[PDB]
Structures are given as C-alpha cells and as structure tokens.
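Source file: start_24.csv (CSV, C-alpha atoms and all ligand atoms)
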chain,number,residue,atom,x,y,z
S,1,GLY,CA,232.3,110.3,69.6
S,2,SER,CA,235.9,111.2,68.8
S,3,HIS,CA,238.8,110.6,71.1
S,4,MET,CA,239.3,114.4,70.8
S,5,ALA,CA,235.8,115.1,72.1
S,6,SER,CA,236.4,112.6,74.9
S,7,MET,CA,239.5,114.4,76.0
S,8,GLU,CA,237.7,117.8,75.9
S,9,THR,CA,234.9,116.4,78.1
S,10,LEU,CA,237.5,114.9,80.5
S,11,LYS,CA,239.2,118.3,80.8
S,12,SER,CA,235.8,120.0,81.5
S,13,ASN,CA,234.8,117.4,84.1
S,14,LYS,CA,238.2,117.7,85.8
S,15,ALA,CA,237.7,121.4,86.0
S,16,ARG,CA,234.2,120.9,87.4
S,17,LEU,CA,235.7,118.5,90.1
S,18,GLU,CA,238.2,121.1,91.1
S,19,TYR,CA,235.4,123.7,91.3
S,20,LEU,CA,233.2,121.4,93.5
S,21,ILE,CA,236.1,120.4,95.8
S,22,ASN,CA,237.1,124.0,96.3
S,23,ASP,CA,233.5,124.9,97.3
S,24,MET,CA,233.3,122.1,99.8
S,25,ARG,CA,236.7,122.9,101.3
S,26,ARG,CA,235.9,126.6,101.7
S,27,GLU,CA,232.3,126.5,103.0
S,28,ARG,CA,233.2,125.1,106.4
S,29,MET,CA,245.2,119.5,94.6
S,30,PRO,CA,245.7,116.3,92.6
S,31,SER,CA,245.9,116.0,88.8
S,32,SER,CA,244.2,112.8,87.6
S,33,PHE,CA,240.5,112.4,87.1
S,34,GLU,CA,240.7,109.3,89.3
S,35,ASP,CA,242.4,111.2,92.2
S,36,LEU,CA,240.1,114.2,91.8
S,37,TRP,CA,237.1,112.0,91.9
S,38,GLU,CA,238.0,110.3,95.1
S,39,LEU,CA,238.8,113.7,96.8
S,40,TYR,CA,235.4,115.0,95.6
S,41,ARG,CA,233.6,111.8,96.7
S,42,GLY,CA,235.0,111.8,100.2
S,43,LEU,CA,234.0,115.5,100.7
S,44,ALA,CA,230.6,114.9,99.4
S,45,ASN,CA,230.2,111.7,101.4
S,46,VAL,CA,230.8,113.3,104.8
S,47,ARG,CA,229.0,116.6,104.2
S,48,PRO,CA,226.1,117.3,106.6
S,49,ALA,CA,222.7,117.7,104.9
S,50,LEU,CA,222.8,121.5,104.7
S,51,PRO,CA,221.8,123.9,101.9
S,52,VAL,CA,224.3,124.4,99.1
S,53,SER,CA,225.1,127.2,96.8
S,54,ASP,CA,223.0,127.3,93.7
S,55,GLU,CA,226.1,127.8,91.5
S,56,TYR,CA,227.5,124.7,93.1
S,57,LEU,CA,224.4,122.8,92.0
S,58,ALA,CA,224.7,124.1,88.4
S,59,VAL,CA,228.2,122.8,88.2
S,60,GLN,CA,227.5,119.6,90.0
S,61,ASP,CA,224.6,118.7,87.8
S,62,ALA,CA,226.5,119.5,84.6
S,63,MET,CA,229.2,117.1,85.8
S,64,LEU,CA,227.1,114.3,87.1
S,65,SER,CA,224.7,114.3,84.2
S,66,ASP,CA,227.5,114.2,81.8
S,67,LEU,CA,229.3,111.4,83.6
S,68,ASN,CA,226.2,109.3,84.1
S,69,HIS,CA,225.1,109.5,80.5
S,70,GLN,CA,228.4,108.8,78.7
S,71,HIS,CA,227.5,105.1,78.3
S,72,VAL,CA,223.8,104.8,79.1
S,73,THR,CA,222.0,101.4,78.9
S,74,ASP,CA,218.3,101.7,78.1
S,75,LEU,CA,216.0,99.0,79.5
S,76,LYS,CA,214.1,99.0,76.3
S,77,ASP,CA,217.2,97.5,74.6
S,78,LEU,CA,217.3,94.6,77.0
S,79,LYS,CA,215.6,91.2,76.7
S,80,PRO,CA,213.8,89.3,79.5
S,81,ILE,CA,215.4,86.2,81.0
S,82,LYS,CA,212.2,84.9,82.5
S,83,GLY,CA,208.7,85.5,81.2
S,84,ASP,CA,208.4,89.0,79.7
S,85,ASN,CA,208.8,90.9,82.9
S,86,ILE,CA,212.0,89.7,84.7
S,87,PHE,CA,215.5,90.8,83.6
S,88,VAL,CA,219.1,90.1,84.9
S,89,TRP,CA,221.6,92.8,83.8
S,90,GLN,CA,225.3,93.1,84.4
S,91,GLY,CA,226.4,96.7,84.7
S,92,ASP,CA,226.5,100.0,86.5
S,93,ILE,CA,223.2,100.8,88.1
S,94,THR,CA,223.9,104.5,87.9
S,95,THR,CA,223.9,104.3,84.1
S,96,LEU,CA,220.6,102.5,83.6
S,97,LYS,CA,217.6,104.2,82.1
S,98,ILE,CA,214.6,102.9,84.0
S,99,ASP,CA,211.8,104.3,86.1
S,100,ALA,CA,213.3,103.3,89.5
S,101,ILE,CA,216.4,101.9,91.1
S,102,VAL,CA,216.5,100.6,94.6
S,103,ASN,CA,219.0,101.9,97.1
S,104,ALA,CA,220.1,99.9,100.2
S,105,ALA,CA,219.9,102.8,102.7
S,106,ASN,CA,220.7,103.1,106.3
S,107,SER,CA,218.4,104.2,109.2
S,108,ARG,CA,219.9,107.7,109.3
S,109,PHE,CA,218.8,107.8,105.6
S,110,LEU,CA,221.2,110.5,104.4
S,111,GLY,CA,223.3,108.1,102.3
S,112,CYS,CA,226.8,106.9,103.0
S,113,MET,CA,228.8,109.3,105.2
S,114,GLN,CA,231.8,107.0,105.4
S,115,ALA,CA,234.4,108.7,103.2
S,116,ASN,CA,235.0,106.7,100.0
S,117,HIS,CA,233.1,103.6,101.3
S,118,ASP,CA,232.5,100.9,98.7
S,119,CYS,CA,228.7,100.5,99.2
S,120,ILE,CA,225.8,100.9,96.9
S,121,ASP,CA,224.4,103.8,99.0
S,122,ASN,CA,227.6,105.7,98.5
S,123,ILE,CA,227.6,105.0,94.7
S,124,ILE,CA,224.0,106.0,94.2
S,125,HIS,CA,224.1,109.2,96.3
S,126,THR,CA,227.4,110.3,94.8
S,127,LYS,CA,226.3,109.8,91.2
S,128,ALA,CA,222.8,111.2,91.7
S,129,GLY,CA,223.8,114.4,93.5
S,130,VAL,CA,223.5,116.1,96.9
S,131,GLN,CA,219.8,116.8,96.3
S,132,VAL,CA,219.2,113.1,97.2
S,133,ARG,CA,220.7,113.7,100.6
S,134,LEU,CA,218.8,116.9,101.1
S,135,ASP,CA,215.5,115.3,100.0
S,136,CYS,CA,216.1,112.4,102.4
S,137,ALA,CA,216.8,114.8,105.2
S,138,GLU,CA,213.4,116.4,104.5
S,139,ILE,CA,211.7,113.0,104.5
S,140,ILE,CA,213.2,112.3,108.0
S,141,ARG,CA,212.4,115.8,109.2
S,142,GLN,CA,208.7,115.4,108.3
S,143,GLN,CA,208.6,111.8,109.7
S,144,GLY,CA,210.1,112.9,113.1
S,145,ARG,CA,212.3,109.9,113.4
S,146,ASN,CA,214.8,107.8,111.6
S,147,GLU,CA,213.9,105.0,109.1
S,148,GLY,CA,212.9,101.5,110.1
S,149,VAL,CA,213.8,98.3,108.4
S,150,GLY,CA,211.7,96.9,105.6
S,151,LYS,CA,210.0,100.0,104.3
S,152,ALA,CA,210.3,102.1,101.1
S,153,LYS,CA,210.5,105.8,100.4
S,154,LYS,CA,211.0,107.4,97.0
S,155,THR,CA,213.1,110.4,95.9
S,156,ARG,CA,213.9,111.7,92.5
S,157,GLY,CA,217.0,110.3,90.7
S,158,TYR,CA,218.2,113.8,89.8
S,159,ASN,CA,221.4,113.3,87.7
S,160,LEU,CA,220.9,109.5,87.3
S,161,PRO,CA,219.3,108.1,84.1
S,162,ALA,CA,216.8,106.5,86.6
S,163,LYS,CA,213.7,108.7,87.2
S,164,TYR,CA,213.4,107.7,90.8
S,165,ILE,CA,215.4,106.1,93.6
S,166,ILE,CA,213.5,103.8,96.0
S,167,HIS,CA,215.3,103.7,99.4
S,168,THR,CA,214.9,100.7,101.7
S,169,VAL,CA,216.7,99.7,104.9
S,170,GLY,CA,217.7,96.1,105.1
S,171,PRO,CA,218.6,94.0,108.1
S,172,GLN,CA,222.2,93.7,109.5
S,173,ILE,CA,223.3,90.1,109.5
S,174,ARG,CA,225.6,89.3,112.4
S,175,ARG,CA,225.1,85.6,112.7
S,176,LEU,CA,226.4,83.1,110.1
S,177,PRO,CA,223.3,81.0,109.7
S,178,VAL,CA,220.8,83.7,108.6
S,179,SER,CA,217.9,83.7,111.0
S,180,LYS,CA,214.3,83.3,109.8
S,181,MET,CA,213.6,86.8,111.2
S,182,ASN,CA,216.2,88.4,109.0
S,183,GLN,CA,215.1,86.4,106.0
S,184,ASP,CA,211.6,87.7,106.5
S,185,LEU,CA,212.9,91.3,106.9
S,186,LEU,CA,214.8,91.1,103.6
S,187,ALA,CA,211.7,89.8,101.8
S,188,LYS,CA,209.8,92.7,103.4
S,189,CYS,CA,212.2,95.2,101.8
S,190,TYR,CA,211.6,93.7,98.4
S,191,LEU,CA,207.9,93.7,98.9
S,192,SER,CA,207.7,97.3,100.0
S,193,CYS,CA,209.7,98.5,97.0
S,194,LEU,CA,207.6,96.5,94.6
S,195,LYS,CA,204.3,97.9,96.1
S,196,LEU,CA,205.7,101.5,96.2
S,197,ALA,CA,206.6,101.2,92.5
S,198,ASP,CA,203.1,100.0,91.6
S,199,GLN,CA,201.5,102.6,93.9
S,200,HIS,CA,203.2,105.4,91.9
S,201,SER,CA,202.4,103.7,88.5
S,202,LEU,CA,206.1,103.1,87.6
S,203,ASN,CA,206.7,100.7,84.7
S,204,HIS,CA,210.0,99.2,85.9
S,205,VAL,CA,212.3,98.8,88.9
S,206,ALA,CA,215.9,97.6,89.3
S,207,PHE,CA,217.3,95.9,92.4
S,208,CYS,CA,221.1,95.7,93.1
S,209,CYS,CA,223.4,93.0,94.4
S,210,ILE,CA,224.2,93.5,98.0
S,211,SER,CA,227.6,95.2,98.3
S,212,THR,CA,230.2,93.0,100.1
S,213,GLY,CA,230.9,94.5,103.6
S,214,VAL,CA,230.6,93.8,107.3
S,215,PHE,CA,227.1,92.4,108.2
S,216,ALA,CA,226.0,92.4,104.6
S,217,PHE,CA,223.4,89.8,103.7
S,218,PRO,CA,225.1,86.8,102.2
S,219,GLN,CA,224.8,86.8,98.4
S,220,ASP,CA,223.4,83.3,97.9
S,221,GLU,CA,220.5,83.5,100.3
S,222,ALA,CA,219.8,87.1,99.3
S,223,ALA,CA,219.3,86.1,95.6
S,224,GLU,CA,216.9,83.3,96.6
S,225,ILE,CA,214.8,85.7,98.7
S,226,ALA,CA,214.9,88.3,96.0
S,227,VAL,CA,213.7,86.0,93.2
S,228,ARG,CA,211.1,84.3,95.4
S,229,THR,CA,209.6,87.6,96.6
S,230,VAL,CA,209.5,89.2,93.2
S,231,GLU,CA,207.9,86.1,91.6
S,232,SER,CA,205.3,85.7,94.3
S,233,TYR,CA,204.4,89.4,94.0
S,234,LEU,CA,204.0,89.3,90.3
S,235,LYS,CA,201.9,86.1,90.4
S,236,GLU,CA,199.6,87.3,93.3
S,237,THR,CA,198.9,90.7,91.9
S,238,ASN,CA,199.0,90.4,88.0
S,239,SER,CA,201.3,93.4,88.1
S,240,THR,CA,202.6,94.7,84.8
S,241,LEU,CA,205.7,95.9,86.6
S,242,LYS,CA,209.0,94.9,84.9
S,243,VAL,CA,211.8,93.9,87.3
S,244,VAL,CA,215.6,94.0,86.8
S,245,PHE,CA,218.1,92.2,88.9
S,246,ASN,CA,221.3,94.2,88.6
S,247,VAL,CA,224.6,92.4,89.2
S,248,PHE,CA,228.2,93.4,88.7
S,249,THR,CA,230.4,90.3,89.0
S,250,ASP,CA,230.4,87.3,86.6
S,251,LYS,CA,229.7,85.2,89.7
S,252,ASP,CA,226.6,87.2,90.8
S,253,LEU,CA,225.4,87.0,87.3
S,254,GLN,CA,225.5,83.1,87.2
S,255,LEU,CA,224.0,83.1,90.7
S,256,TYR,CA,220.8,84.9,89.7
S,257,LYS,CA,220.5,82.9,86.5
S,258,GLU,CA,220.5,79.7,88.7
S,259,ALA,CA,218.0,81.1,91.2
S,260,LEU,CA,215.6,81.8,88.3
S,261,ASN,CA,216.3,78.5,86.6
S,262,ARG,CA,214.0,76.9,89.2
F,301,ZN,ZN,228.7,103.2,102.9
What's the structure tokens form of this structure?
Ligand SMILES: [Zn+2]
Amino acid sequence: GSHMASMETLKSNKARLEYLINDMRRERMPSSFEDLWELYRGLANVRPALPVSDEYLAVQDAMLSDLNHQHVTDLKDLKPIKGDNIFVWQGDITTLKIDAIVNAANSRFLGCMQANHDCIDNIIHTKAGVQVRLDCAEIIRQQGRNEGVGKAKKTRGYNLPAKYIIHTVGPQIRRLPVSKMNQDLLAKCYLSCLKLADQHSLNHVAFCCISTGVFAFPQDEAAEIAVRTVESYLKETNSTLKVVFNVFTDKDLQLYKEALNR
C-alpha cells in the first residue's frame, strides 16, 4: 500500500503500544516505534501469568495481528527443496502462514521471562500475544508439574499467521562435544512435534533454527539431527505432513541445504 497508509498504520500501532505499556505499568515515555516496542516487550516478557483486562486484549490483538500480517509469507507460495514435502525457508517465523510452528520452550513453559532476551521463545510469545502464556499456564496447572524434555504440547497461535504453536523443551548443552544422550533428546523433541502434528491432522509444520545463546545446541549438529529425524519419520510412516526448516542467517540457510544434499 501507499507510504501514506504505512505512516498512518505506524501512528496507530505506536498509540496501541503506548496504551499497552500504560496498562502494564498501572496494573501492579519514548517516541520511536523501536523504543516503544522494546519497552512493551520487556514488560510483556516479565509479566506473571495472570488474567488481563479484556480491553487490553482488544488493543493487543489489533496491534499484533496488524504487525504480523504486514508482510505475510504463505507456505502455498513456496517450493520444496527435497521431495515434495520438505522446505527450507529464510525469514521471520512469526510471519509464516502455516498450520504449526515449533517453539523451543523452557520447563516453566510460560515463555521467556527474561526482559528483551533474544531467543525464539521470546519472539514467538511476544508476537502471538499474552494468551499463549495464559494457555501454557493452564496446561501446567492441569498437568500438576513443569514440562519435561522431549515432549510436545499445542496451543493456538492467536495473532500469528500460524494456526498453532507446538511447544517442546530441548536439552541444555553444557559440554562441548555433544553427548549421545543429548543428541537423542534433541531427536526426541523433533519426533514428538511431528507425531503431535499428525495426531491433530495438521498439514504442515515449521521448525526454527536454534537461537544462539548460552547452552544452546550447536547449529551444525542440530541441523543434522533435525534433517535425519524428519526424513526417518516421513519414510517410516508415509506421512503426508509437509515440513519447513526455518532459518534466518545466510549461513544457516547454506547449512540446512548441505544437510539435505546427502
Ligand atoms: Zn529467552
């Protein structure tokens, strides 16, 4: 659309940010969209999983839906890289129209509560909306305990173009040469996500690159386990599931291409 329309939407979303920031400050400022967004994000990140105002949710949803759909990529417009069911796509996972995306969660399962942390959990929760945290809190409440490694739980995607978010907890990697045990645990994450998708009759799922951070699984070995586990699953089951390997960097892109090049 026009630059003019773009500037009006920006103005509206800055006003929505100010609104949401004010609510979170008062329940218990800067000028640029960039600075407002980081202020909002930090407040959202650290907020305990308690009920919100329904007016808050109306404003939040208007903002997040708008932001997430400004430049949507539809999986139907992508072409497979291997067979007819495996894709590698460079881009923002919160802007991909697809039945499910996979979130690398933590055991507390409420998302990232580290203000402004650069991790995929933070990104997915903050773009989807607070409902994802609230729904995860209810999953944990009904379960009676925090979430183990290598499992999968589904929530709605709310403001994401993705219909659902599949949440899995991966292993922490504290030793340089990744142990066999941790390799098996990562594979088990992939397998649980794939099975959950098929169980709920989803047509497609996207996995993300591991975000770089302390004790994150090394990218190289991660890609190899991802590809190996997905390919074994699709062979052994004759699943019609389509799988997308999402990457962000040019380097991660080439990495996954190689891993699929046999
Ligand atoms: Zn985080």
**OP:** Give the answer as one residue: which of S:97, S:69, S:117, S:3 has the shortest atom-to-atom distance to ligand ZN 301 (chain F), using all atoms listed in the file?
**Re:**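 Distance minimum relative to ligand ZN 301 (chain F) lands on S:117.
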Can you pull out every residue within 10 Å of region 223-228 of chain S, counting all atoms listed in the file, but drop anything in the same chain fewer than 2 positions away, and send it as an mmCIF file with C-alpha atoms, keeping the file's coordinate frame?
data_model
loop_
_atom_site.group_PDB
_atom_site.id
_atom_site.type_symbol
_atom_site.label_atom_id
_atom_site.label_comp_id
_atom_site.auth_asym_id
_atom_site.auth_seq_id
_atom_site.Cartn_x
_atom_site.Cartn_y
_atom_site.Cartn_z
ATOM 1 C CA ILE S 86 212.000 89.700 84.700
ATOM 2 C CA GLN S 183 215.100 86.400 106.000
ATOM 3 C CA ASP S 184 211.600 87.700 106.500
ATOM 4 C CA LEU S 186 214.800 91.100 103.600
ATOM 5 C CA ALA S 187 211.700 89.800 101.800
ATOM 6 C CA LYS S 188 209.800 92.700 103.400
ATOM 7 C CA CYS S 189 212.200 95.200 101.800
ATOM 8 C CA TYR S 190 211.600 93.700 98.400
ATOM 9 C CA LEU S 191 207.900 93.700 98.900
ATOM 10 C CA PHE S 207 217.300 95.900 92.400
ATOM 11 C CA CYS S 209 223.400 93.000 94.400
ATOM 12 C CA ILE S 210 224.200 93.500 98.000
ATOM 13 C CA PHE S 217 223.400 89.800 103.700
ATOM 14 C CA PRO S 218 225.100 86.800 102.200
ATOM 15 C CA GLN S 219 224.800 86.800 98.400
ATOM 16 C CA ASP S 220 223.400 83.300 97.900
ATOM 17 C CA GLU S 221 220.500 83.500 100.300
ATOM 18 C CA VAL S 230 209.500 89.200 93.200
ATOM 19 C CA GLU S 231 207.900 86.100 91.600
ATOM 20 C CA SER S 232 205.300 85.700 94.300
ATOM 21 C CA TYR S 233 204.400 89.400 94.000
ATOM 22 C CA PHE S 245 218.100 92.200 88.900
ATOM 23 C CA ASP S 252 226.600 87.200 90.800
ATOM 24 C CA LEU S 255 224.000 83.100 90.700
ATOM 25 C CA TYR S 256 220.800 84.900 89.700
ATOM 26 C CA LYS S 257 220.500 82.900 86.500
ATOM 27 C CA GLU S 258 220.500 79.700 88.700
ATOM 28 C CA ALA S 259 218.000 81.100 91.200
ATOM 29 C CA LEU S 260 215.600 81.800 88.300
ATOM 30 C CA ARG S 262 214.000 76.900 89.200
#
List every residue of region 148-252 of chain S that has an atom at most 12 Å from any atom of region 121-142 of chain S, giving for each one its closest atom pair and the distance in Å to one decimal, counting all atoms listed in the file, sorted by chain and then by ascending residue number, as a tab-separated table.
residue	atom	partner	partner_atom	distance
S:148	CA	S:140	CA	11.0
S:152	CA	S:139	CA	11.5
S:153	CA	S:139	CA	8.4
S:154	CA	S:136	CA	9.0
S:155	CA	S:132	CA	6.8
S:156	CA	S:132	CA	7.2
S:157	CA	S:128	CA	6.0
S:158	CA	S:128	CA	5.6
S:159	CA	S:128	CA	4.7
S:160	CA	S:128	CA	5.1
S:161	CA	S:128	CA	8.9
S:162	CA	S:128	CA	9.2
S:163	CA	S:128	CA	10.5
S:164	CA	S:128	CA	10.1
S:165	CA	S:124	CA	8.6
S:166	CA	S:124	CA	10.9
S:167	CA	S:121	CA	9.1
S:168	CA	S:121	CA	10.4
S:169	CA	S:121	CA	10.5
S:170	CA	S:121	CA	11.9
S:208	CA	S:121	CA	10.6
S:209	CA	S:121	CA	11.8
S:210	CA	S:121	CA	10.4
S:211	CA	S:121	CA	9.2
Contact table chain S vs ligand ZN 301 (chain F), cut-off 10 Å, shortest pair per residue, all atoms listed in the file, as a tab-separated table:
residue	atom	partner	partner_atom	distance
S:45	CA	F:ZN301	ZN	8.8
S:104	CA	F:ZN301	ZN	9.6
S:105	CA	F:ZN301	ZN	8.8
S:106	CA	F:ZN301	ZN	8.7
S:111	CA	F:ZN301	ZN	7.3
S:112	CA	F:ZN301	ZN	4.2
S:113	CA	F:ZN301	ZN	6.5
S:114	CA	F:ZN301	ZN	5.5
S:115	CA	F:ZN301	ZN	7.9
S:116	CA	F:ZN301	ZN	7.8
S:117	CA	F:ZN301	ZN	4.7
S:118	CA	F:ZN301	ZN	6.1
S:119	CA	F:ZN301	ZN	4.6
S:120	CA	F:ZN301	ZN	7.0
S:121	CA	F:ZN301	ZN	5.8
S:122	CA	F:ZN301	ZN	5.2
S:123	CA	F:ZN301	ZN	8.5
S:211	CA	F:ZN301	ZN	9.3
S:213	CA	F:ZN301	ZN	9.0
**OP:** Determine the nearest neighbour of residue 59 (chain S) from the options S:21, S:46, S:74, S:85, counting all atoms listed in the file.
**Re:**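 Closest to residue 59 (chain S) of all the choices is S:21.
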Original post:
Suppose you want the space between CA of residue 41 (chain S) and CA of residue 20 (chain S); what is it in Å?
Top reply: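 Result for CA of residue 41 (chain S) versus CA of residue 20 (chain S): 10.1 Å, one decimal.
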Original post:
S:203, S:53, S:261, S:212: which is nearest residue 242 (chain S), counting only C-alpha atoms?
Top reply: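 With only C-alpha atoms as the atom set, the closest residue is S:203.
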Original post:
Which residues come within 9 Å of residue 89 (chain S), counting only C-alpha atoms, excluding same-chain residues fewer than 3 positions away, as a list in words?
Top reply: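 What passes the distance filter is residues 78, 244, 245, 246, 247, 248 and 253 of chain S.
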Write the residues of the preceding selection, restricted to C-alpha atoms, as a tab-separated table (two decimals), in the coordinates of the input.
chain	number	residue	atom	x	y	z
S	78	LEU	CA	217.30	94.60	77.00
S	244	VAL	CA	215.60	94.00	86.80
S	245	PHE	CA	218.10	92.20	88.90
S	246	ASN	CA	221.30	94.20	88.60
S	247	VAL	CA	224.60	92.40	89.20
S	248	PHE	CA	228.20	93.40	88.70
S	253	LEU	CA	225.40	87.00	87.30
Original post:
At what distance in Å, to one decimal, does CA of residue 82 (chain S) lie from CA of residue 202 (chain S)?
Top reply: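 Computing the Euclidean distance for CA of residue 202 (chain S) and CA of residue 82 (chain S) yields 19.9 Å.
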Subject >> Nearest-residue call for residue 222 (chain S), choices S:178, S:4, S:197, S:24, using all atoms listed in the file >> reply: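 For residue 222 (chain S), the nearest of the candidates is S:178.
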**OP:** Give me, please, the distance in Å between CA of residue 234 (chain S) and CA of residue 103 (chain S), quoted to one decimal.
**Re:**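 Computed distance, CA of residue 234 (chain S) to CA of residue 103 (chain S), equals 20.7 Å.
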**OP:** Fewer than 6 positions away in the same chain doesn't count, so skip those; otherwise give me all residues within 10 Å of residue 174 (chain S), counting all atoms listed in the file, as a list in words.
**Re:**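 Once the nearby chain positions are removed, what remains is residues 214, 215, 216 and 217 of chain S.
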**OP:** Find the residue from S:52, S:205, S:149, S:176 that sits nearest to residue 88 (chain S); use all atoms listed in the file when measuring.
**Re:**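 The shortest atom-to-atom distance to residue 88 (chain S) comes from S:205.
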Subject >> Residue nearest residue 100 (chain S) among S:201, S:237, S:68, S:229 (counting all atoms listed in the file) >> reply: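 Counting all atoms listed in the file, the residue closest to residue 100 (chain S) is S:201.
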